[PDB]
Structure formats: C-alpha cells, structure tokens
Number of protein chains: 2
Amino acid sequence: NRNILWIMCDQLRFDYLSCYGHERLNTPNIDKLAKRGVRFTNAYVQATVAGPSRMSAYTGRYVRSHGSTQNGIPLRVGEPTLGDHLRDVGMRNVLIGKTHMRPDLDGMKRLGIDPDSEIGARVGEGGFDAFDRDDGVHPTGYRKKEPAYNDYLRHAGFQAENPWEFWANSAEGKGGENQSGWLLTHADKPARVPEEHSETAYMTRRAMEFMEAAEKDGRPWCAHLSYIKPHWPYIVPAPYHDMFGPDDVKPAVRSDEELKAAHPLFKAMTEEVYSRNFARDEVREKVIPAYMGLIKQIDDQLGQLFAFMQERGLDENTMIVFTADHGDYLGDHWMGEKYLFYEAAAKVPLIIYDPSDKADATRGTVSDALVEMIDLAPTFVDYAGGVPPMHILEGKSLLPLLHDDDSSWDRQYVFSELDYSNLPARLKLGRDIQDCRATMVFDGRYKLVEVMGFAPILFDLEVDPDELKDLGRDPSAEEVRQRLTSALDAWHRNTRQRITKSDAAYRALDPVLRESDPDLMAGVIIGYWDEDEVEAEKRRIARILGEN
Amino acid sequence: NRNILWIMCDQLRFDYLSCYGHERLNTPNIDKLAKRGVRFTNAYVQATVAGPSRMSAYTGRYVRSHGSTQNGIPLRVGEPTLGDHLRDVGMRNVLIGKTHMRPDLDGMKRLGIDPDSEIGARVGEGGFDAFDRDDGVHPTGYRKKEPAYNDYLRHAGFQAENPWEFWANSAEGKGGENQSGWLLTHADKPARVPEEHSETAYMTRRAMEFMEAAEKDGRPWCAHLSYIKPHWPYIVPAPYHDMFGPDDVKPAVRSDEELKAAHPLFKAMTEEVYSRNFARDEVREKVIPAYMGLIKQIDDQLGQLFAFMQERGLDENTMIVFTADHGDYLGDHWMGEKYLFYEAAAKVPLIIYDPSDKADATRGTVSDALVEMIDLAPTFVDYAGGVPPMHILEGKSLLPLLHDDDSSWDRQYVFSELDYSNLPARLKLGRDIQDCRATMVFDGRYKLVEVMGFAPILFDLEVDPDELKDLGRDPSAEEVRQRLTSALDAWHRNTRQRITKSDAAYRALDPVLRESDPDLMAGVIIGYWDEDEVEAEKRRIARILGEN
Ligand SMILES: [Zn+2]
Ligand SMILES: [Zn+2]
C-alpha cells in the first residue's frame, strides 16, 4: 500500500519554521521533511480564514465554486469532496483533528438523509471518516458533540465543567486564581495540563493509534492529522511556555505610512480589537513567545510520530505533506488574526516528502512554482492511482514537481477570496451582504486585490517585499493593473460547475462530431429533407466508425 | 386556494402568435390571455436550447450556477429547485409534459438515494411531481421509461412497435408507403393519428384530468403544462396539416452580406444540415405551414382547457403563464434550430394572466421591462405567499409588473449562455471542451455576445432590428462594447453559490456587529488582553441588546 499523511497546523505562519528562515525557532523534524523532500515558497490558500480555506482544501474547488464562504457556513450537500475522489480509487480518507465542517442539515433533510446514518455522518464530516473529529475550540458552553479529548482528560483524572478550557487552555495563578488562556495577558502562563495530556500530544498519539488500527484493515489511507495549534487560545503546557522570550521575537513588519489614506477595507481591519491589541509591543512580546512554544511542541511531537512510523516501516510507503490553513499577522500590518491577503496570512508553508523512488531527483530542493492549496486534492488522487476529475477539481496535481527535476508548470496566477459580510467592514464600507467581495490574484511578483465598490489594492513584492506601498491608484502601475485585472476577468469566467459530465465523456464521439452527425446514432433526425439524405449520412457514420 | 398554470411550448417563436403580430396565424385563445393580462416584449431565456434553458427555468438559476449546460447533462443532486421552494410554502409542483430532466444517478448513488424512492423519483424529476412525464421525442429505439402516451395509443386501438413514431409522427402515403415525420419533406402530410388522440390533444386532456384530481386533494398547485409541439417532428394531424400554405409564410430574415466575414461561431452554425436545408426556400415553404398548424392546434386545445377551467371556477383563482423554452430560426439568419442569441431563438413569448384584483390595473397592457425566464421561479414563490430566497434564486419576482401600473424595475441587462462543446463548432474553432463559451448581454437596444477566444458579436437592434450588421469589431462601437463587457464582468462575479445561509440570517446581529463583537456572545474571545477588557465589551453587548 501507498499511504498519505496530510499534516496541517491551524494559523501557522510559513516564516515560523527554521527551514523557511526563522532565526530563533528550531524546527528540526519539520526541516528534515524538507531536507528529504520539496519545500514550496509560493503556496497560497484560496481563502485566509479557517472555514473557507479548509472547504477549498477538502473539495479542491475555489470558494466561488463551493460557496462555503465563511466560518460556519455549511458545505452544501452534494458538493463533491476529496473523500469521494479517494474512495473512487480505493483509498480511505480519515480525519484526526480539525476540519471546521458544518453539516448541511437542511440539504440532508430535503434528501431524506439521516444525519446520523453512515452516509449522513460522512456527508456532515465533509467526506472524512472521523477517527477523531475535534476542531479544538470549545468555549463554555458550545453546543455540539463532546470532543473525545474531554473524556480523555476526565479518564486521565482531570475533572472540570469544561476540561478543554480549564485544563488544556487555562493556568492557575500562584495564589490559586483562574488564569483564562483566552486572555492574551496569560500567554506567558503554563497550561494546567501536563504536556503529555495536552492537545498536541493527544492528537499526535491519536494519529499513532489510527495507524496501528489501519495497518490490519489493509486498505490504503490518506490520514489528515489536523492540529489546532498554534491557533488560539495562545497558551501551552510547560516546558514550552517559557522556552522563548521577548528577545526571540522578530520585529513587526509595518509602517506608519502604510496606514495613511489606506484602503478602506484594510483600515477597517486595523480597527478590530485583535488588531488594536497586536499593535502594542507589549502584546507581541507576551504572545509571540507562546506561539513559538506551540510550534516547538508540534515539531517535537512530529518527531515522535515520524519515529513511530519508521519503526513500523510506514516511512517507506507514506507520502507526508506538511502545511497550514493560513497564517497569523501577530501585529504585522497593524493587524491581528488573518484577514486580507498579505504574505503572513495567505502564503502557507508547504513541504511534501514522497519516499517513492520517483521523487529521488528533487530531494532537498526548493520550488517557487505557483501553487495553491486546492492542488492537494488532485495530487492525492494522482498519487492514489486515479485520474483526477478536472471537470470537478480546479487545481493541478503537484506530482510533476516532485517527480521531474525540470518539469513545465503552466500556472501564471494564483487566486484567493474573501467574503467579508460577517465583519464590521460590511457596515463601515456600506455594502449589501452579497456585495462584500475581495479577490486576490498573484503572479509571483505583483499581488492585486480587487474589492467590489472600491479601488484595487496592489503590491510589487520584488520592490516592496513587505507590502508597505499600495499601488492600487498609482498611475504608474496602470499596465500591471490591467494585466492582473484581465487575469481576474478570465478566472471568474473559468467555472467548473458542469460536474455531472466529464470531458472524457465527449471524446469517443469526436470523429463523428467532426465530419458527421452524432444525433443520427440515437435515431434523432434533425434537419433532414428525405430518406436518401438520412441514409447517406448513416453510411458516412458507418464509414467513420470503421476508420476508428 | 390560489393556483398557477404554467404553460410552455417547446421551440415556439414569439412572433408566431397573432398578439405578437403574426399576420396569417390567428391565435385567439392565447391572445385573450394577453387581452386580460400582461404581454412581455423583452423576455429572454438563459440558454436557447431545451435542456439548459429548462434547467434555468426550473431552478431560477443561471447556467453558470447550475452547471447543466447541454441537453442530457444531469442536473446535480442537491441543486435547489422550484419544487423545493414551492413545497416550503405549501404549494405542489406538478408536471404534465416535458422537462428534459436527466437524473443525477451518480450523485444519488453516492448519497444512497434510491432513484425509485419517493425522494429519489422527485430528485430525478427536477423537483416535479410527475403526473405525466413525457419529453415528446421517442425514436426507435430510445431507452427510457415508456411514455404513458404509447400505452394510451395502444389502448385506443393504435398498435405499432413505436406508437408515438408510427401513429403520432408519421403519415401513410396514398399507396401505403410509410412517410416518416422525422423527414422535412413530409411536413405536408397528415399524421396517421386522429386529432383527438394526437400529442397536443392528449396532453391537454391530461392537464384537465390532473385538475379534476387536484381539486379534492385540496392543496394549492403549480401545474406545468409543457407541450412538445411545435418542436419537431414537424408533422401534425388533420385538419391542421393543410390549414396553411406557402403564401402564409412570412419572408426569411437574412442577407447575403451577413454571411460575409461572419463571426466564426455563426459561420459554423450555418454549416449544419438543418441550417443548409432551412436555407432553401423549398424547405421553408413546406415546413413552416406545419409549424403554423401545430401552433393553431395548441391554441384550439388551450381554448378547450380554458373553457374547462371556467366551468369549474378555476379561472377565478389560477394565474396562467404562457411561454416557450426558446424559439426556432426556420431559416432566419441562414440557420435552422436555435443556437446563438438572435431574437428568433432567445426572445420568447411571455404572457401572464393573474385573475386576482391586484392585477386589474395592468390588464391588456404590454411591458417592455427586461425580463428573464429565471424570473418565473421567484414570481411563483411570491404568488404562493413565500419570500423568494434570493441567495438561491437569481432573478426577480414579476409581481410588481402585474400589480403596479407604474412600478420601478431596476434590471438594466439580461443574460443568456451557450456551451457549444457538443457542437461541431468546438472542433472547427479549435477549442478545448471547457472553453466553448459564449455569453449574451442585452440592454434593450444593444446585444453583445462574448465568445471566448474570439471577437464579440454586437448588434444595435434600434438601427438594425434584423441583426444583420455585426459591430463586434467596428471601431465606432467601442464605447458600447466597453459598457456591455463591463456588465458581463460584473455579472460573472455576481455569483449565488452561498446557498446554505440566507442574507436574512445575518441581519439580527447587525447592531452588535456595528459597534461590538458578536463572537463574545458564544464565548469566543479573540484578541482581548485581560478580563476587564472582555467584561467591558460584554456590558456593551448587553447595552446594545437592550436598545434593540
Ligand atoms: Zn485556521
Ligand atoms: Zn426546447
């Protein structure tokens, strides 16, 4: 069997891995994946927020296609998913961790699908077999299925009304006061929970447990190990909470001038509470060391996972992908969170290690090919031995980039989308709910964001790598604006909604379509004067079919 | 109860009704609908071919949304339909005649939906309760469910291998030879079948039978009486086959010059066998009198239907719509069939008679409002007492045009689409299968068709009502081209894929979104420094909720 382990971390910046240049945070286990595989430096997500980014990852389709545009918007019933495509070629699609899926209960009810049936559960899980579904954010008192992690904590002797919140995501003060990890001021406090029982440790162990169980199921698998960290709450168990400090924190990338007459959508984002707080040096210096500790814990735990795989021979037959759903500003551009399309939000780490001999020639290399998160789906289908259905999947298999040391890659532009109708910006910018649209196009140098109702945003990342000089209204950038806008015009038109007939289904008939009339083959006779005319054409059809 | 009777005829030109100006074909029963209702002179279909036009009619969504782009491409499982929206407000959606639906068997199989279950059958029928499903074209030897019409003929004493073909759509020569109605040369021959047992007579009677049965079901209904005629086979029972002759046939609208350096897509269409034959005066003179006879039979039969409704009081509470799925060139523009977007193909008759008092002020009037076939779905939901879901339905309810003698109508452009990958034009124009795109935009005067890979087609219907002078490459038309292309650019971007959350679902939270942080309401705490900051914001939320 050839398997796939798809590792994702939520809200992980590409530049917080040492293989992508971080000077103070050593991630040797993740770096080793890159040393033996391919590291991608132009990988972009198709939205920069958890839900829509992940819906694109799990469908291989743009947000403009699937329509799950914001956190919590259910993925429509009947939307094809990666799980469907892998099942079609005999590979399991299994989840250990987060997807941010919300079931289309209304759509299922219409179709009489019991949401708790085998089919219904899988539809609600976005085409995943949920070994351990856990989106990693469980405030009191969220209403959903209890994450297995809560019962795990209780069984391990950690009792609470909300074990996830109290034990894994809060600290206890020197006096006994409760220090909620929801609060940025407590990023420096050690979580109550011992490291071995923390979320990242738990989920890593669950992945090991899955692999053990899967080995004597016998079927090939694609396992999505999807970590919530380093997404907030920004709090980590000892010894990771005091491993780093303010001196390890790289400077914020921002300027006073970039705020002057800023694009209205950008201005609105800087006004949110997370942005105002991450604007403060005191906040960055306290929170970012926790973020770094969370990533270090992931790297340590992946070391355990990879050792486990090696000792069971899984290292020889399992392709490993390491990536993120989007980044985190942590104060860059005067923002917190991950809205808009600056590098820190929209560019993700992407490392792929295929242990197959076919990938030998590219080991330890760096690809600057324009790559999208939606490329993973066809990559996986291709790896699994199937022909990716390109009337449904909108991306490109990455296998040629792993398997050819000098392959031709025809993508000229990557794209990403934001529907901001659930943000205060909708009201501040005076937009109707359906009219809060922003779309990024990037060609490797120029990044343009079209914002409906407004001027575009434009950066030249060669001259202005920190994206501090918006050229959206600059007369000197007219030619670039026109080219990138034309790319957007074509992209909006390049739909893949014709999902119930493949291109392949047209081709066998082409010799008859070229010279004759395929309708006659079914006895449908359109535009013929007399019997002689019909029969003469039927003889031409017979001749053509004889030639082919 | 308030009901709806939605009458459609397949391949019926708007100008072959006397109320739209035909000088030789009197359609008094259809004209009477117009005399007591509203007749629309700018109604356009969203594709000009049966399948995709109808899929748009039955979903209220553009082809670019639903993806059923050609005849026979199944409508995807999970695509919302008119039947769903009517059911949500307690109105039945019943079919008597043609839909051109093809079940998404693959999609249903994935979801474990038995195609023969109650839910499965309805999904396969595009959201219709199929009282009598019959697409009206049954060549030997099509493979599908036997139309009820065949058993009807057999029971009436008309036996044959294929009763539809032999009796309803063929003639017997003076010597006894079989004269197939598939052949244009037999358009002048009377069908074997007596008029009372012909397709149009049969389907009209079936509609009466439905209405009788429905009356003591008690539930309000929308009944789609969907005639195959005057679509081919172009053959009709006596006495309709010799009611008209060559002298009644209006001149073809075409010119030698329009063919000179014609747009490549147009040129390709003129090369098809139906186009080459309808180019001949001999063919027009033989076929068009049959087409006229078929329409006369429809008008006579509708007279019977309306009398039946009046004698049962259904005339008082049933809105009647009369329309078509597209037209027929019959030799106009050197074409047969209905491809491309010339008036004869893309503009449909549309008459709506609402017997409610609310429609009194507009009776007998003519509306030149820009109207689309996709407007019928929200019109019907609105009439049925529901709020049309505009995150799903892409058109506009027409009720304001019926109920206000001077209402504001904000549509500036209508749109229609063609995917020509199933035509020889794909090969002749050198296009990939996904790249055979043409989209019409019309503003009431100018009609532009963008054709991917080629120059646009452009007509000014005020100066050039016959669409003989293509301005697509004319420098004098630059401003018009830019305006209409910008309308297309916006239309391609104006998607409605976010079908699992309504706009209404956003609004209750807006006072909190405007001033505060809705996430705190669920205990999700993003970007807050300390407990004081969180609690102060929670108090602001409480204040806001108290104000509203
Ligand atoms: Zn995320
Ligand atoms: Zn039709």
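Residues numbered from 1 in each chain as written, not as in the entry; some residues may be left out. Chains lettered and ligands numbered in written order. Heavy atoms only, no water.

For this coordinate set, the PDB header names X-ray crystallography as the determination method and states a resolution of 1.250 Å.

Asks: So, the overall build of chain A: which residues are in play, and what are the values?
Replies: The number of helices and strands found in chain A is 21 helices and 18 strands. Relative to the compact-globule value of 24 Å for 548 residues, chain A shows a C-alpha radius of gyration of 25 Å, a close match. Dimensions of chain A along its principal axes, counting C-alpha atoms only, are 100 × 65 × 50 Å. Looking at the 548 residues of chain A, the share that counts as buried comes to 65%. The long-range share in chain A, meaning contacts at least 24 apart out of those at least 6 apart in sequence, stands at 72%. Total accessible area computed for chain A in this model is approximately 20400 Å², and 47% of it derives from carbon and sulfur atoms. Of the charged side chains in chain A, 67 are positive and 92 negative; the average position of the first set lies 2 Å away from that of the second. (Helix = DSSP H or I, 4+ residues; strand = E, 2+ residues; numbered from the N terminus. Rg over C-alpha atoms; globule rule 2.2 N^0.38 Å. Buried < 20%, exposed > 50% of the residue type's maximum accessible area, 1.4 Å probe, protein only. Contact = heavy atoms within 4.5 Å. Areas by Shrake-Rupley, 256 points an atom, 1.4 Å probe, with all protein chains shown as cover. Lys, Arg positive; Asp, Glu negative; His and termini not counted. Charge placed at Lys NZ, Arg CZ, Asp CG, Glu CD.)

Asks: Outline helix α2 (residues 50-59) of chain A, supporting the account with residue identities and numerical values.
Replies: Residues and elements named next belong to chain A. Across the ten residues of α2, ten count as buried, placing the element largely inside the fold. For α2, the complete set of buried residues consists of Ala50, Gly51, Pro52, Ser53, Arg54, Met55, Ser56, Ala57, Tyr58 and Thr59. Along its buried surface, α2 packs onto β1 (3-10), α3 (63-66), α4 (82-87), β9 (221-230) and α15 (376-383). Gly60 sits one or two positions beyond α2 and adopts a positive phi of about 65°.

Asks: Account for the packing of helix α9 (residues 199-215) of chain A against helix α13 (residues 281-311) of chain A, with residues named and values stated.
Replies: Helix-helix packing is described using two parameters, namely the angle between the two axes and the distance between the axes. All names here are of chain A. The geometry of α9 relative to α13 is characterised by a closest axis approach of 9 Å and an angle of 15° between their N-to-C directions. Taken as axis vectors, α9 and α13 run roughly parallel relative to one another. For the element pair α9 and α13, the recorded crossing hand is right-handed. Of α13, the residues touching α9 (which contributes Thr200, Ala201, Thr204, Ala207, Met208, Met211 and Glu212) are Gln297, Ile298, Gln301, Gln304, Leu305, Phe308 and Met309. Residue classes in the contact of α9 with α13 are distributed as eight nonpolar, five polar and one charged. (Axes fitted to C-alpha atoms, helices over the stretch in contact; angles between N-to-C directions. Parallel < 35°, antiparallel > 145°, perpendicular 65-115°, else oblique. Left-handed = near helix turned anticlockwise from the far one by under 90°. Nonpolar A, V, L, I, M, F, W, Y, C, P; charged D, E, K, R; others polar.)

Asks: How would you sum up the pattern of salt bridges? Please name residues and give values.
Replies: Under the counting rule described, the total for this entry stands at 96 salt bridges over all chains. Each member of the salt-bridge network shares a partner with another, and the members are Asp10, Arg54, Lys98 and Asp325 of chain A. (Salt bridge = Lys/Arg side-chain N within 4 Å of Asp/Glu carboxyl O.)

Asks: So what about the coordination of the zinc ion (ligand 2)? Which residues, and what values?
Replies: Perfect tetrahedral coordination of a metal by four donors corresponds to 109.5 degrees between them, and perfect octahedral coordination by six donors corresponds to 90 or 180 degrees. Residue and element names in this part refer to chain B. Distances from the zinc ion (ligand 2) to its protein donors, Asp10 (OD), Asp10 (OD), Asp325 (OD) and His326 (NE2), fall within 2.0 to 2.7 Å. Considering all four donor atoms around the zinc ion (ligand 2), the spread of angles at the metal, 52 to 160°, places the coordination shape in the irregular class. Between consecutive donor residues of the zinc ion (ligand 2), the sequence gaps follow D-x314-D-H. Of the two residues, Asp10 is situated in strand β1 (residues 3-10) and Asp325 in the loop between β11 (318-324) and α14 (343-346); the sequence distance between them amounts to 315 residues. Here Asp10 matches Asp325 in class, with each residue buried. (Donors = N, O, S within 2.8 Å, 3.2 Å for Na, K, Ca; no water. Tetrahedral: all angles 85-135°; square planar, octahedral: opposite > 155°, others 65-115°.)

Asks: Help me get a handle on the coordination of the zinc ion (ligand 1), residues and values and all.
Replies: For the zinc ion (ligand 1), the full set of protein donor atoms is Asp10 of chain A (OD), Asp10 of chain A (OD), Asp325 of chain A (OD) and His326 of chain A (NE2), and the range of their distances to it is 2.0 to 2.7 Å. Around the zinc ion (ligand 1), the four donor atoms sit at angles spanning 52 to 160°, and that spread fits a shape best called irregular.

Asks: Provide a residue-level description of the packing of helix α1 (residues 28-35) of chain A against α13 of chain A, including the pertinent values.
Replies: All names here are of chain A. Running from N to C, α1 and α13 point in directions that differ by 60°, and their axes come no closer than 7 Å. When the axes of α1 and α13 are compared, the pair comes out oblique. For the pair α1 and α13, the contacting residues are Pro28, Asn29, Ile30 and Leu33 in the first and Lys296, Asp299, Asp300, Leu302, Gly303 and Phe306 in the second. Looking at the contact of α1 with α13 residue by residue, the class counts come to five nonpolar, two polar and three charged.

Asks: Give a description of the interface of chain B and chain A that names residues and reports values.
Replies: In this complex, chain B contributes 81 residues to the contact, which on the side of chain A involves 81 residues. In total, chain B and chain A occlude about 7200 Å² of area from one another, counting both sides; carbon and sulfur atoms represent 57% of this. If you sort the residues of chain B by the area they bury against chain A, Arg76, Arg493 and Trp529 of chain B come out on top, with a joint share of 12%. Linking chain B with chain A are twelve salt bridges, by the criterion used here. Note that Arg493 of chain A and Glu450 of chain B form a salt bridge whose closest N and O atoms lie 2.9 Å from each other. On inspection of chain B and its partner chain A, the count reaches 30 residue pairs in polar contact. (Buried area = accessible area lost by both parts, 1.4 Å probe. Polar contact = N/O pair within 3.5 Å; in protein donor to acceptor, adjacent residues only side chain to side chain.)

Asks: Explain the relation of the copies chain B and chain A to me, using residue names and the numbers behind them.
Replies: At an RMSD of 0.0 Å, chain B and chain A line up after a rotation of 180° and a shift of 0.0 Å along the axis. Classification of the inter-copy transformation places it as that of a two-fold axis. Across chain B, the smallest distance between a C-alpha and the rotation axis is recorded for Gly78 of chain B, namely 2.6 Å. (Least-squares fit on C-alpha atoms.)

Asks: Can you lay out the state of the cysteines for me, pointing to particular residues and giving the numbers?
Replies: Taken as a whole, this structure holds zero disulfides over all chains when the rule is applied. Unpaired in terms of disulfides, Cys19 of chain A finds its nearest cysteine sulfur in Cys9 of chain A, a separation of 12 Å. (Disulfide = S-S within 2.5 Å.)

Asks: Can you tell me about the environment of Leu12 of chain A, naming the residues and giving the values?
Replies: Residues and elements named next belong to chain A. Looking at where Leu12 falls in the secondary structure, it is placed in the loop between β1 and α1. Between the C-alpha atom of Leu12 and that of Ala487, which follows or precedes it by 475 residues, the distance is 29 Å. Here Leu12 is in contact with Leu17, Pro230, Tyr291, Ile295, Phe322, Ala324, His326, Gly327 and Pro349, once residues within four sequence places are set aside.

Asks: Tell me about the sheet that holds β9 of chain A, and name the residues and values.
Replies: All names here are of chain A. Taken in spatial order, the eight strands make up an open sheet running β5-β4-β9-β1-β11-β12-β2-β13, and their pairing is mixed. This sheet does not close on itself; its edge strands, each paired only once, are β5 (129-133) and β13 (365-367). Across the sheet, the mean angle from the axis of one strand to that of its neighbour is 15°, orientation sign disregarded. Sheet topology note: the strand β4 (residues 92-97)/β9 ladder contains six bridges and is parallel. In the strand pairing of β9, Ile96 is matched with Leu225. (Pairing = 2+ DSSP bridges.)

Asks: Break down helix α7 (residues 148-155) of chain A for me, with residues and values.
Replies: Residues spaced three or four apart along an α-helix point in a common direction, a consequence of the helix completing one turn every 3.6 residues. All names here are of chain A. Burial in α7 covers these residues: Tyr149, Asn150 and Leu153. The buried residues of α7 occupy an angular sector of 105° when the element is viewed end-on, so they sit on one face. Looking at the buried positions of α7, the neighbouring elements they touch are α8 (163-168) and α9. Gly157, located one to two residues past α7, shows a positive phi value of around 100°. (Arc of directions from axis to C-beta.)

Asks: Give me the lowdown on the sheet that holds strand β12 (residues 350-353) of chain B, citing residues and values where you can.
Replies: All names here are of chain B. Taken together, the eight strands give an open sheet; going across it, the order is β5-β4-β9-β1-β11-β12-β2-β13, and neighbouring strands pair in mixed fashion. Among the strands making up the open sheet, the edge pair consists of β5 (129-133) and β13 (365-367). Along the sheet, successive strands turn relative to each other by an average axial angle of 15°, direction set aside. Docked against the sheet, helix α1 (residues 28-35) engages β2 (38-40), β11 and β12, running at close to 65° with respect to β12. Across the sheet, helix α2 (residues 50-59) lies against β1 and β9 (221-230), angled at about 170° from β1, the strand it touches most.

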